[PDB]
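J.: My questions all concern the structure below.
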Amino acid sequence: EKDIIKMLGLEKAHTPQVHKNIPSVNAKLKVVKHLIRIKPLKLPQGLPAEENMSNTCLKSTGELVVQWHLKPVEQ
Amino acid sequence: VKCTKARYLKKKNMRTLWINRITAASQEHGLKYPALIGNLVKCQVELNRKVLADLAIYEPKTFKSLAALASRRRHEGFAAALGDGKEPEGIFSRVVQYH
Amino acid sequence: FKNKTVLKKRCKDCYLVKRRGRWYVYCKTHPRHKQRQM
Amino acid sequence: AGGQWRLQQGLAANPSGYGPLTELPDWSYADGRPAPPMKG
Amino acid sequence: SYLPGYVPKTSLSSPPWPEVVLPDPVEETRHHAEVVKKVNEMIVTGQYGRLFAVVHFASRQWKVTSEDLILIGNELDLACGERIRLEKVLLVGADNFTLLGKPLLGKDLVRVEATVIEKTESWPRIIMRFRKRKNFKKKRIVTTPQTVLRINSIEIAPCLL
Amino acid sequence: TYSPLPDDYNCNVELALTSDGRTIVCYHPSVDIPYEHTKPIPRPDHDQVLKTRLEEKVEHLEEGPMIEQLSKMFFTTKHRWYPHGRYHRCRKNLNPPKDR
Amino acid sequence: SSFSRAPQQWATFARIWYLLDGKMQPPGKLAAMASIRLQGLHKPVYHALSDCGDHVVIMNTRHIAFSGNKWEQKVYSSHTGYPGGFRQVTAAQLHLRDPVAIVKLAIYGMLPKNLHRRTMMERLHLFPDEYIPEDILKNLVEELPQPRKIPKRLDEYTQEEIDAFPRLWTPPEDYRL
Amino acid sequence: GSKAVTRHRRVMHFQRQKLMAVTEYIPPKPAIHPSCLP
Amino acid sequence: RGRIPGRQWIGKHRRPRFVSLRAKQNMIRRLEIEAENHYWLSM
Amino acid sequence: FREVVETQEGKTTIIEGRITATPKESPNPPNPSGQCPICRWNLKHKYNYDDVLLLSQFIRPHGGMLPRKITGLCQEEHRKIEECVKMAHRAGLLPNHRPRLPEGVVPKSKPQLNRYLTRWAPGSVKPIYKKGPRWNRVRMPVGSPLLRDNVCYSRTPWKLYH
Amino acid sequence: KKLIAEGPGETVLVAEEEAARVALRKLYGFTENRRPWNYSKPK
Ligand code: FES
Ligand SMILES: [K+]
Ligand SMILES: [Mg+2]
Ligand SMILES: [Mg+2]
Ligand SMILES: [Zn+2]
């Protein structure tokens, strides 16, 4: 289990890592399923583009937003 | 070695002191410590315990207002929990969103 | 009185009574049947 | 305190995480000019 | 005719806490507007004395007032005498009123300025580790850069609407 | 008539939100003590031929009785009153720093 | 407050006198309230080395009430130090011997186990009856609310309250009762 | 250590003790006690 | 009186450890996380 | 209810029985489908030892319990009320339901000890001389386990062992 | 019958004198919480 945690880049706790949802990866995740939390990455505004690469933020809901204004919502 | 390890205890003890002082101030207004800290967070007031303890000593009128605000938010929680969703959100329960 | 973990009535006249926080078997006809809860 | 509540609003469990409290500039020059970006 | 849920009064028929009836939201919205207008007029007419503010700076919060000193535990990349604005104000308080950010007050509402007055280093901090019976001992001395700031002024503007 | 806290001891708290809802305004004027709730300050406290004299009945007490009197007067234990040795007396900083 | 420095310091660190009524109250709840006040934990300026504890006056300690069968079951153990000096007495026996011991012992055990404890105990004034010395009475500032609400006896209910409670069943008319 | 089968009830590892505690049978509770209905 | 033979938490006779309410809640909290992990690994 | 009078006149004894006024159940119970007095008024889990107004309706003039066949209570509620009355007597909340004393009997002065939530009879309980270790502590019972299901308005459950 | 100032003290005489000082500070505009001196560059 120690070895697989290193392979998945999960050495530091509470640090989200993105992995492909494929059988091979899932096979590793299942060995250490009791040590981790798995959530789906959600893309409400689609994938980041080259223009907005630097303005992304991963929220606690799992949604990766491509605009991060740090402003209140006028709505 | 003692001086080195004492740096951990200083931070720990400092925070135990603030909680004791905040608890005392809250009880003067009929509020328990967890109700004040918990409900202030729900109002998006991010004042830390160090500042709260200082306010209790040197800004007692502001602290009563903070205690009143926490108490108001606490009562709104109860009304919401009692309701079946018919009621609109409390005036002080509305959360300011940041996008 | 003989101490007993399990109290049993030994005749029809035996009667179970709880006194001073413990069960007793009392018998007027045969006082030898008297038992105390242990 | 409040970690679970913050998560329910789509915020970081710890208020030191993402958001205006942490990410916004701490200070600026009194004349208006913005400060160099913070190292963190 | 008793109601379907009527319970005769007993020690456990109802909860110990008193019943609380919150104000009507429509009526309270009008009362809130009155309170805000009253406090705004106090600002316009200057009916306040010394102000204090809670400002987030260098990861931590400082309750500050004019003429104060605060010791920042790091270098701020500012020359001595340079004046700066503290942009993260959680609270500004007066004798008769207090304004609370959610979590931060708008920059239009309050302006806190400060001046760098000293750039120095802390006294030496001993770092020593020791484990008995293991020939394990090490001593390190660290001095941390510090910056002293003077709070020059806390000013509020009548921008409560 | 709803009030989050009683308003009769320290200040009259009024909580309000701005129209945008981003600022909490707290109006808290001080409550003055009513005159009715005060007491009057107790100002009220022969043919002697001989001038009155101020006689100081010092009546110096022994250590034990003296310590008993002091401990009772200030509601403390006896221990605080006993002396300390030179080692401790000379370690005390007689010019301590003063914050303000 | 615009007070001179010395009067300001005097006011903040002053000793308040509290009155507590022990009648029908469990000693533990009385002790919990007294412990906070004697230590100063009810003050926002509290610090262990500030010596900011207050005075607590507890009256009617003879009329304290234990829940359950603690009168019979709770034992206070002491040892004279001599061989055979171990002594164990029930709460009932101790109460009849010393009408303040129970409240005193509950408080003593709740205070911090340090050298300040016996100093705090000097600021505790226990009286078995309503009588309080005149000097102690003149310095009192505030009475603390009794921690336990005393239940009303059936003879203390007003006829309005009795009438308000419905009759729940109809007894047989020919029952002797 | 002791063998897997003992004459006494062997003490469990604390994690197993917790496992047992969390997986105890919980009986279905009716909204209204059936004795309170016709 | 009330001695535990030998060392407390080893051997044949041990000090009994009891499961507190919050110890139970802690375990159930992590059981819920793992149950969800199962779901997201199913697709 | 029915009273009985024994009058001896002219060296002759005449035993009679008269029917006195009988109280009636209050009209319109909120839960007519209830099968016992308690659940007919939605009182299940909502009464305690100090609710003398409730308890006093099910006891005899001298403090004794009434039969379950007469009151109509169910076994569960009858047992709860029976224990509650014992605690009410021991707490001193029923001063007008004292035992009948034969003529010429005046109880001696006994030490007054205020108590409440007393499960056992004071005389039948022994001192806890040996408390035991923390992991095997002998506890002092408070209240009754029969009332464990009472409505709890606090987040902590009732502690029945102190 | 309107409160102008209040002062603490260890004696009634000391408390009264302090109350007079508090009243004088309020009358003259030298209250502890008065507006701080403005050191900003004159406009
Ligand atoms: S029938 Fe409802 S509680 Fe007895
Ligand atoms: K062992
Ligand atoms: Mg083995
Ligand atoms: Mg051992
Ligand atoms: Zn027999």
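Naming scheme: A, B, ... for chains in displayed order of the structure tokens; residues 1 onward per chain; ligands 1 onward as shown.
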Which residues sit within 7 Å of ligand 4, counting only C-alpha atoms and all ligand atoms, listed as a ChimeraX atom specification?
T.: /I:4-8
J.: Would you save the residues of that selection, restricted to N, CA and C atoms, as a PDB file, in the first residue's frame?
T.:
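After the write, selection.pdb holds the following:
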ATOM      1  N   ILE I   4      -3.954  -4.411  37.273  1.00  0.00           N
ATOM      2  CA  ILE I   4      -3.982  -5.260  36.085  1.00  0.00           C
ATOM      3  C   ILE I   4      -2.692  -6.076  36.082  1.00  0.00           C
ATOM      4  N   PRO I   5      -2.745  -7.398  35.921  1.00  0.00           N
ATOM      5  CA  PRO I   5      -1.506  -8.187  35.974  1.00  0.00           C
ATOM      6  C   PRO I   5      -0.568  -7.851  34.824  1.00  0.00           C
ATOM      7  N   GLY I   6       0.719  -7.748  35.146  1.00  0.00           N
ATOM      8  CA  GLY I   6       1.717  -7.455  34.132  1.00  0.00           C
ATOM      9  C   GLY I   6       1.514  -6.084  33.523  1.00  0.00           C
ATOM     10  N   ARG I   7       1.707  -6.003  32.211  1.00  0.00           N
ATOM     11  CA  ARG I   7       1.535  -4.758  31.481  1.00  0.00           C
ATOM     12  C   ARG I   7       0.087  -4.629  31.017  1.00  0.00           C
ATOM     13  N   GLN I   8      -0.380  -3.382  30.921  1.00  0.00           N
ATOM     14  CA  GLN I   8      -1.815  -3.122  30.825  1.00  0.00           C
ATOM     15  C   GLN I   8      -2.421  -3.675  29.540  1.00  0.00           C
TER      16      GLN I   8
END
J.: With a cut-off of 7 Å and counting only C-alpha atoms, select all residues of chain B in contact with chain E and give the selection as a PDB file with N, CA, C and O atoms, in the first residue's frame.
T.:
ATOM      1  N   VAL B   1      16.908  22.692  24.942  1.00  0.00           N
ATOM      2  CA  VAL B   1      15.895  21.804  24.378  1.00  0.00           C
ATOM      3  C   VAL B   1      14.509  22.217  24.852  1.00  0.00           C
ATOM      4  O   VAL B   1      13.544  22.215  24.078  1.00  0.00           O
ATOM      5  N   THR B   4      13.326  25.220  22.993  1.00  0.00           N
ATOM      6  CA  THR B   4      12.928  24.879  21.632  1.00  0.00           C
ATOM      7  C   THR B   4      11.523  24.287  21.598  1.00  0.00           C
ATOM      8  O   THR B   4      10.676  24.711  20.805  1.00  0.00           O
ATOM      9  N   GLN B  44     -20.195  34.548   7.795  1.00  0.00           N
ATOM     10  CA  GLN B  44     -19.016  34.937   7.023  1.00  0.00           C
ATOM     11  C   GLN B  44     -18.171  35.964   7.769  1.00  0.00           C
ATOM     12  O   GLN B  44     -17.487  36.785   7.156  1.00  0.00           O
ATOM     13  N   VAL B  45     -18.213  35.922   9.097  1.00  0.00           N
ATOM     14  CA  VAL B  45     -17.333  36.725   9.936  1.00  0.00           C
ATOM     15  C   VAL B  45     -16.151  35.841  10.317  1.00  0.00           C
ATOM     16  O   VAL B  45     -16.302  34.883  11.078  1.00  0.00           O
ATOM     17  N   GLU B  46     -14.970  36.162   9.788  1.00  0.00           N
ATOM     18  CA  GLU B  46     -13.792  35.321   9.937  1.00  0.00           C
ATOM     19  C   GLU B  46     -12.862  35.805  11.045  1.00  0.00           C
ATOM     20  O   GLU B  46     -11.675  35.456  11.045  1.00  0.00           O
ATOM     21  N   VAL B  51      -8.344  37.876  18.119  1.00  0.00           N
ATOM     22  CA  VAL B  51      -9.037  39.158  18.025  1.00  0.00           C
ATOM     23  C   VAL B  51     -10.292  39.151  18.888  1.00  0.00           C
ATOM     24  O   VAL B  51     -10.606  40.143  19.558  1.00  0.00           O
ATOM     25  N   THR B  62     -18.763  46.335  21.077  1.00  0.00           N
ATOM     26  CA  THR B  62     -18.663  45.586  19.830  1.00  0.00           C
ATOM     27  C   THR B  62     -18.858  44.095  20.071  1.00  0.00           C
ATOM     28  O   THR B  62     -19.490  43.406  19.262  1.00  0.00           O
TER      29      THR B  62
END
J.: Please provide the set of residues having any atom within 8 Å of range 17-27 of chain I, restricted to only C-alpha atoms, with same-chain residues fewer than 5 positions apart removed, written as a ChimeraX atom specification.
T.: /H:14,17-18,21-22 /J:135
J.: May I ask for the distance between CA of residue 3 in chain J and CA of residue 68 in chain J, given in Å to one decimal place?
T.: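 Interatomic distance, CA of residue 3 in chain J to CA of residue 68 in chain J: 20.7 Å.
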J.: List all protein, DNA and RNA residues that have any atom at most 12 Å from ligand 3, counting only C-alpha atoms and all ligand atoms, and write the list as a list in words.
T.: residues 1, 2, 3, 4, 5, 6 and 10 of chain H; 11 of chain I
J.: Give me, as a PyMOL selection string, the contact residues of chain B against chain G at a cut-off of 8 Å, counting only C-alpha atoms.
T.: chain B and resi 17+20-25+27-28+53+56-57
J.: Counting only C-alpha atoms and all ligand atoms, which protein, DNA or RNA residues come within 6 Å of ligand 1, given as a count of residues only?
T.: 11
J.: Pick out the residues sitting within 6 Å of residue 153 in chain E, and hand them over as a PyMOL selection string; count only C-alpha atoms, and ignore anything fewer than 2 positions along from it in its own chain.
T.: chain E and resi 66+112-113
J.: Please return, as a PyMOL selection string, all residues of chain D lying within 7 Å of chain A when only C-alpha atoms are considered.
T.: chain D and resi 7+10-12+19-20
J.: Name each residue within 10 Å of ligand 5, counting only C-alpha atoms and all ligand atoms, as a ChimeraX atom specification.
T.: /C:8-15,25-35
J.: Write to file, as an mmCIF file, in the first residue's frame, the residues of the selection just made, with N, CA, C and O atoms.
T.:
data_model
loop_
_atom_site.group_PDB
_atom_site.id
_atom_site.type_symbol
_atom_site.label_atom_id
_atom_site.label_comp_id
_atom_site.auth_asym_id
_atom_site.auth_seq_id
_atom_site.Cartn_x
_atom_site.Cartn_y
_atom_site.Cartn_z
ATOM 1 N N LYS C 8 -35.621 -21.266 44.799
ATOM 2 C CA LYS C 8 -36.656 -22.204 44.383
ATOM 3 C C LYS C 8 -37.607 -22.466 45.539
ATOM 4 O O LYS C 8 -37.167 -22.737 46.660
ATOM 5 N N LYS C 9 -38.904 -22.385 45.261
ATOM 6 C CA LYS C 9 -39.909 -22.759 46.245
ATOM 7 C C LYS C 9 -39.969 -24.276 46.368
ATOM 8 O O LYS C 9 -40.093 -24.985 45.366
ATOM 9 N N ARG C 10 -39.880 -24.774 47.600
ATOM 10 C CA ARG C 10 -39.814 -26.207 47.852
ATOM 11 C C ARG C 10 -41.148 -26.805 48.281
ATOM 12 O O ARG C 10 -41.264 -28.033 48.342
ATOM 13 N N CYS C 11 -42.147 -25.979 48.577
ATOM 14 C CA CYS C 11 -43.474 -26.468 48.915
ATOM 15 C C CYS C 11 -44.493 -25.414 48.508
ATOM 16 O O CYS C 11 -44.142 -24.298 48.118
ATOM 17 N N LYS C 12 -45.771 -25.785 48.599
ATOM 18 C CA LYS C 12 -46.833 -24.856 48.229
ATOM 19 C C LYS C 12 -46.849 -23.633 49.136
ATOM 20 O O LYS C 12 -47.213 -22.538 48.692
ATOM 21 N N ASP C 13 -46.462 -23.793 50.402
ATOM 22 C CA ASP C 13 -46.518 -22.695 51.359
ATOM 23 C C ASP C 13 -45.372 -21.706 51.202
ATOM 24 O O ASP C 13 -45.429 -20.625 51.798
ATOM 25 N N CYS C 14 -44.344 -22.041 50.429
ATOM 26 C CA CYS C 14 -43.256 -21.102 50.191
ATOM 27 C C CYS C 14 -43.763 -19.892 49.417
ATOM 28 O O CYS C 14 -44.586 -20.017 48.506
ATOM 29 N N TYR C 15 -43.274 -18.711 49.790
ATOM 30 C CA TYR C 15 -43.681 -17.468 49.146
ATOM 31 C C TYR C 15 -42.476 -16.553 49.001
ATOM 32 O O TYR C 15 -41.735 -16.334 49.964
ATOM 33 N N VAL C 25 -36.905 -16.451 50.124
ATOM 34 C CA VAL C 25 -37.947 -17.469 50.188
ATOM 35 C C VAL C 25 -38.290 -17.669 51.655
ATOM 36 O O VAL C 25 -37.413 -17.990 52.466
ATOM 37 N N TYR C 26 -39.554 -17.460 52.005
ATOM 38 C CA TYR C 26 -40.039 -17.672 53.359
ATOM 39 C C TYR C 26 -41.031 -18.827 53.374
ATOM 40 O O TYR C 26 -41.815 -18.994 52.434
ATOM 41 N N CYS C 27 -40.990 -19.621 54.439
ATOM 42 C CA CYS C 27 -41.930 -20.726 54.607
ATOM 43 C C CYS C 27 -42.238 -20.880 56.086
ATOM 44 O O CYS C 27 -41.334 -21.141 56.884
ATOM 45 N N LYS C 28 -43.511 -20.716 56.447
ATOM 46 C CA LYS C 28 -43.920 -20.904 57.833
ATOM 47 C C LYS C 28 -44.083 -22.381 58.169
ATOM 48 O O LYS C 28 -43.749 -22.810 59.279
ATOM 49 N N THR C 29 -44.595 -23.172 57.224
ATOM 50 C CA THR C 29 -44.810 -24.592 57.478
ATOM 51 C C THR C 29 -43.487 -25.317 57.687
ATOM 52 O O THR C 29 -43.340 -26.099 58.634
ATOM 53 N N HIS C 30 -42.512 -25.071 56.813
ATOM 54 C CA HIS C 30 -41.193 -25.700 56.892
ATOM 55 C C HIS C 30 -40.138 -24.604 56.916
ATOM 56 O O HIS C 30 -39.630 -24.193 55.865
ATOM 57 N N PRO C 31 -39.774 -24.111 58.102
ATOM 58 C CA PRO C 31 -38.767 -23.042 58.169
ATOM 59 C C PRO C 31 -37.443 -23.409 57.522
ATOM 60 O O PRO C 31 -36.663 -22.506 57.194
ATOM 61 N N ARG C 32 -37.160 -24.698 57.327
ATOM 62 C CA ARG C 32 -35.920 -25.095 56.671
ATOM 63 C C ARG C 32 -35.885 -24.682 55.206
ATOM 64 O O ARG C 32 -34.803 -24.634 54.615
ATOM 65 N N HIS C 33 -37.041 -24.389 54.609
ATOM 66 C CA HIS C 33 -37.089 -23.959 53.217
ATOM 67 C C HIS C 33 -36.615 -22.525 53.025
ATOM 68 O O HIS C 33 -36.459 -22.094 51.878
ATOM 69 N N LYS C 34 -36.391 -21.781 54.106
ATOM 70 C CA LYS C 34 -36.022 -20.377 53.987
ATOM 71 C C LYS C 34 -34.704 -20.225 53.238
ATOM 72 O O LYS C 34 -33.715 -20.894 53.551
ATOM 73 N N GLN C 35 -34.697 -19.340 52.244
ATOM 74 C CA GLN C 35 -33.538 -19.113 51.395
ATOM 75 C C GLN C 35 -33.312 -17.618 51.228
ATOM 76 O O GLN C 35 -34.258 -16.827 51.222
#
J.: Could you give me, as a PDB file with N, CA, C and O atoms, in the first residue's frame, the residues within 12 Å of residue 39 in chain K, counting only C-alpha atoms and dropping anything in the same chain fewer than 2 positions from it?
T.:
ATOM      1  N   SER E  66      -5.023  54.158  15.362  1.00  0.00           N
ATOM      2  CA  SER E  66      -4.028  55.140  14.963  1.00  0.00           C
ATOM      3  C   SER E  66      -2.917  55.218  16.003  1.00  0.00           C
ATOM      4  O   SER E  66      -3.144  55.029  17.200  1.00  0.00           O
ATOM      5  N   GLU E  67      -1.702  55.485  15.527  1.00  0.00           N
ATOM      6  CA  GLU E  67      -0.496  55.662  16.335  1.00  0.00           C
ATOM      7  C   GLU E  67       0.042  54.337  16.856  1.00  0.00           C
ATOM      8  O   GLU E  67       0.910  54.343  17.740  1.00  0.00           O
ATOM      9  N   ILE E 151       0.743  52.375  12.281  1.00  0.00           N
ATOM     10  CA  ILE E 151      -0.562  52.690  11.713  1.00  0.00           C
ATOM     11  C   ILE E 151      -0.761  54.197  11.797  1.00  0.00           C
ATOM     12  O   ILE E 151      -0.795  54.769  12.892  1.00  0.00           O
ATOM     13  N   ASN E 152      -0.889  54.847  10.641  1.00  0.00           N
ATOM     14  CA  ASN E 152      -0.989  56.300  10.600  1.00  0.00           C
ATOM     15  C   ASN E 152      -2.420  56.795  10.764  1.00  0.00           C
ATOM     16  O   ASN E 152      -2.659  57.744  11.518  1.00  0.00           O
ATOM     17  N   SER E 153      -3.380  56.183  10.075  1.00  0.00           N
ATOM     18  CA  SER E 153      -4.736  56.710  10.062  1.00  0.00           C
ATOM     19  C   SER E 153      -5.714  55.600   9.707  1.00  0.00           C
ATOM     20  O   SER E 153      -5.400  54.720   8.902  1.00  0.00           O
TER      21      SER E 153
ATOM     22  N   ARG K  35     -11.062  61.992  18.770  1.00  0.00           N
ATOM     23  CA  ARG K  35     -10.458  61.882  17.451  1.00  0.00           C
ATOM     24  C   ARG K  35      -8.945  62.080  17.551  1.00  0.00           C
ATOM     25  O   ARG K  35      -8.495  63.095  18.103  1.00  0.00           O
ATOM     26  N   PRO K  36      -8.134  61.152  17.039  1.00  0.00           N
ATOM     27  CA  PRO K  36      -6.679  61.334  17.118  1.00  0.00           C
ATOM     28  C   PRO K  36      -6.223  62.561  16.345  1.00  0.00           C
ATOM     29  O   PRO K  36      -6.896  63.034  15.427  1.00  0.00           O
ATOM     30  N   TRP K  37      -5.062  63.080  16.736  1.00  0.00           N
ATOM     31  CA  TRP K  37      -4.475  64.214  16.039  1.00  0.00           C
ATOM     32  C   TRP K  37      -4.202  63.853  14.584  1.00  0.00           C
ATOM     33  O   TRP K  37      -3.695  62.770  14.284  1.00  0.00           O
ATOM     34  N   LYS K  41      -0.619  65.451   5.567  1.00  0.00           N
ATOM     35  CA  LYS K  41      -0.125  66.652   4.909  1.00  0.00           C
ATOM     36  C   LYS K  41      -1.271  67.642   4.704  1.00  0.00           C
ATOM     37  O   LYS K  41      -2.336  67.250   4.205  1.00  0.00           O
ATOM     38  N   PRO K  42      -1.105  68.914   5.068  1.00  0.00           N
ATOM     39  CA  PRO K  42      -2.192  69.878   4.860  1.00  0.00           C
ATOM     40  C   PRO K  42      -2.580  69.970   3.392  1.00  0.00           C
ATOM     41  O   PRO K  42      -1.727  69.977   2.501  1.00  0.00           O
ATOM     42  N   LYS K  43      -3.884  70.042   3.147  1.00  0.00           N
ATOM     43  CA  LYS K  43      -4.407  70.118   1.788  1.00  0.00           C
ATOM     44  C   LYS K  43      -4.300  71.539   1.246  1.00  0.00           C
ATOM     45  O   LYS K  43      -3.855  71.750   0.117  1.00  0.00           O
TER      46      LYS K  43
END
J.: With a cut-off of 9 Å, could you pull out the residues of chain D touching chain B and give me the nearest pair of atoms for each, distance in Å to one decimal, using only C-alpha atoms, ordered by chain and ascending number, as JSON lines?
T.:
{"residue": "D:1", "atom": "CA", "partner": "B:38", "partner_atom": "CA", "distance": 6.2}
{"residue": "D:2", "atom": "CA", "partner": "B:38", "partner_atom": "CA", "distance": 5.9}
{"residue": "D:5", "atom": "CA", "partner": "B:42", "partner_atom": "CA", "distance": 7.3}
{"residue": "D:6", "atom": "CA", "partner": "B:42", "partner_atom": "CA", "distance": 8.0}
{"residue": "D:9", "atom": "CA", "partner": "B:95", "partner_atom": "CA", "distance": 8.0}
{"residue": "D:15", "atom": "CA", "partner": "B:46", "partner_atom": "CA", "distance": 7.8}
{"residue": "D:19", "atom": "CA", "partner": "B:98", "partner_atom": "CA", "distance": 7.6}
{"residue": "D:20", "atom": "CA", "partner": "B:98", "partner_atom": "CA", "distance": 8.1}
{"residue": "D:21", "atom": "CA", "partner": "B:46", "partner_atom": "CA", "distance": 8.9}
J.: So that I can check the surroundings of residue 65 in chain J, please list as a list in words every protein, DNA and RNA residue that reaches within 8 Å of it, counting only C-alpha atoms and ignoring chain neighbours fewer than 5 positions away.
T.: residues 58, 59, 60, 82 and 85 of chain J
J.: Show which residues sit within 9 Å of range 93-109 of chain J, as an MDAnalysis selection string. Count only C-alpha atoms, and ignore same-chain residues fewer than 6 positions away.
T.: (chainID G and resid 151:155) or (chainID J and resid 50 52 56 59:64 85 87)
J.: As an MDAnalysis selection string, could you give me every residue of chain F near chain K (at most 8 Å apart, counting only C-alpha atoms)?
T.: chainID F and resid 32:35 41
J.: Give me a file of those residues, with N, CA and C atoms, as a CSV table (one decimal), in the first residue's frame.
T.:
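File part_29.csv, as written:
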chain,number,residue,atom,x,y,z
F,32,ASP,N,-26.9,54.7,29.9
F,32,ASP,CA,-26.6,55.4,31.1
F,32,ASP,C,-27.4,54.8,32.3
F,33,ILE,N,-26.8,54.8,33.5
F,33,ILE,CA,-27.5,54.3,34.7
F,33,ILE,C,-28.6,55.3,35.0
F,34,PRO,N,-29.8,54.8,35.3
F,34,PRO,CA,-30.9,55.7,35.7
F,34,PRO,C,-30.6,56.3,37.1
F,35,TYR,N,-31.0,57.5,37.3
F,35,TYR,CA,-30.9,58.2,38.6
F,35,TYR,C,-31.6,57.4,39.7
F,41,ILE,N,-24.7,59.1,48.2
F,41,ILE,CA,-23.4,58.9,48.8
F,41,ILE,C,-23.4,59.1,50.3
J.: Considering only helix (DSSP H, G or I) as DSSP defines it on the backbone, what residues of chain I qualify? List them as a ChimeraX atom specification.
T.: /I:21-40
J.: The selected residues should be written to file as a short mmCIF file (atom, residue, chain, number, x, y, z; two decimals), in the first residue's frame (atoms: N, CA and C atoms).
T.:
data_model
loop_
_atom_site.label_atom_id
_atom_site.label_comp_id
_atom_site.auth_asym_id
_atom_site.auth_seq_id
_atom_site.Cartn_x
_atom_site.Cartn_y
_atom_site.Cartn_z
N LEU I 21 -18.99 6.80 22.31
CA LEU I 21 -19.92 7.23 21.27
C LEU I 21 -19.20 7.86 20.09
N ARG I 22 -18.23 8.74 20.37
CA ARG I 22 -17.54 9.44 19.29
C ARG I 22 -16.59 8.51 18.54
N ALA I 23 -16.05 7.49 19.21
CA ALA I 23 -15.26 6.49 18.51
C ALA I 23 -16.11 5.78 17.46
N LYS I 24 -17.36 5.46 17.80
CA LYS I 24 -18.27 4.86 16.83
C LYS I 24 -18.53 5.82 15.67
N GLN I 25 -18.85 7.07 15.99
CA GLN I 25 -19.16 8.04 14.94
C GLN I 25 -17.97 8.25 14.01
N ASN I 26 -16.75 8.23 14.57
CA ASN I 26 -15.56 8.37 13.74
C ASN I 26 -15.49 7.25 12.70
N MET I 27 -15.73 6.01 13.13
CA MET I 27 -15.66 4.89 12.21
C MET I 27 -16.73 4.98 11.14
N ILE I 28 -17.96 5.31 11.53
CA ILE I 28 -19.05 5.40 10.56
C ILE I 28 -18.77 6.50 9.55
N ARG I 29 -18.14 7.59 10.00
CA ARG I 29 -17.82 8.68 9.10
C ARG I 29 -16.88 8.23 7.99
N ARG I 30 -15.91 7.37 8.32
CA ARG I 30 -14.98 6.87 7.31
C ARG I 30 -15.58 5.73 6.50
N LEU I 31 -16.53 4.99 7.07
CA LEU I 31 -17.23 3.99 6.28
C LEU I 31 -18.04 4.63 5.17
N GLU I 32 -18.61 5.81 5.43
CA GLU I 32 -19.38 6.50 4.41
C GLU I 32 -18.49 6.96 3.26
N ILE I 33 -17.28 7.44 3.58
CA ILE I 33 -16.36 7.88 2.53
C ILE I 33 -15.98 6.71 1.64
N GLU I 34 -15.65 5.57 2.25
CA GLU I 34 -15.23 4.41 1.46
C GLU I 34 -16.39 3.86 0.64
N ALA I 35 -17.60 3.87 1.20
CA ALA I 35 -18.76 3.44 0.43
C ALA I 35 -18.91 4.26 -0.84
N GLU I 36 -18.68 5.57 -0.75
CA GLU I 36 -18.76 6.41 -1.93
C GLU I 36 -17.61 6.12 -2.89
N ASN I 37 -16.41 5.86 -2.36
CA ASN I 37 -15.29 5.47 -3.21
C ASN I 37 -15.66 4.27 -4.08
N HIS I 38 -16.33 3.28 -3.48
CA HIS I 38 -16.79 2.13 -4.25
C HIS I 38 -17.61 2.57 -5.46
N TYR I 39 -18.53 3.51 -5.25
CA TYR I 39 -19.43 3.93 -6.32
C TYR I 39 -18.65 4.55 -7.48
N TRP I 40 -17.77 5.50 -7.18
CA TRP I 40 -17.07 6.22 -8.24
C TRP I 40 -16.05 5.36 -8.96
#
